[PDB]
């Protein structure tokens, strides 16, 4: 297994950071991060918890997920696939199979003056079926106390223009003021020049995420009506 990054490096803009380039194997997560990994990415919470992310990155992921939560929290299945998209990107011990760094710049440690490397941009190979299922689970979610679709607030365009691939492209575009750096998505259910797209299992809005979480309401999910 191999990583493309590990830990945070320099400022991109505002309070947002690039991650540090790293091409070695994943590393067992410190125990002080177990609460975060359980909350955000429980699928990775087993064995040595060897990941391509550190505690800082998990904390940042939690902070960065606030706005999707703002609009999608009422449909746990919809939010769950979105979390997994970000969990795989952030932490997967097999990152190198589906991420390709495309731009870097040097990072200088202000005290030690040792040089590290900011990952400025990368390409993310995302399963076509994954992306379609993620959209499918979220497409009927209403903005809370409204009759408009939640995706019209997370897609950089009205819901009638929002589609699976342009939703993911928008969320990953730093021009949105939220994403710390741009990720360029490539959608395929098939390998591409040796890259194996991320095609994790997904949950529909008519399914329970787990034993303690119900399916989404009829209001947010036309299947259950």
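Residue numbers count along the first chain shown, from 1.
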Higher mean Cα B-factor in the deposited model: 83-91 or 140-148? 140-148
Can you tell me which stretch has the higher mean Cα B-factor, 97-105 or 110-118? 110-118
Third of the chain, ranked by Cα B-factor, where residue 62 sits: highest
Which third, lowest, middle or highest, does the CA B-factor of residue 154 fall in along this chain? middle
State the tercile, meaning the lowest, middle or highest third, of residue 196 with respect to the CA B-factors recorded for its chain. middle
Third of chain Cα B-factors occupied by residue 175: highest
Comparing residue 164 with the other modelled residues of its chain, is its CA B-factor in the lowest, middle or highest third? lowest
